[PDB]
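The data below hold one chain only, encoded as structure tokens and taken in the form deposited without the partner chain.
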């Protein structure tokens, strides 16, 4: 009941950073980041901020576990990048959950 599930796979959202360097790094590395997020249906009984931050934390940690198994490593830069895009994908997921709930 309190577990996580995966939401639908998403196409690459447009994500803007503060610098040319970051945007270029992001464009060249985004293929390595998640396009589907883990979220907790019970968090819909809590606030939006909690749902999102749980989704960000579990999504990035599970993806790290999956990535490690392929002999690969994420740098601090990669995690910062993933935090940005995964946060937007988690909000999208929430908004889709909300739309369904009220529709």
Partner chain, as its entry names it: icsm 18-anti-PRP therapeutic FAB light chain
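Positions refer to the first chain, counted from 1.
Stretches 41-49 and 68-76 differ in mean CA B factor, with 68-76 having the higher one. When the C-alpha B-factors of 8-16 and 88-96 are averaged, 8-16 comes out higher.
This protein has a second form, the form solved in complex with the partner chain, left out of what is shown; the following refers to that one.
Residues of 62-82 that come within 4.5 Å of the partner chain in the entry with it bound, judged by any heavy atom, do not exist; none qualify.
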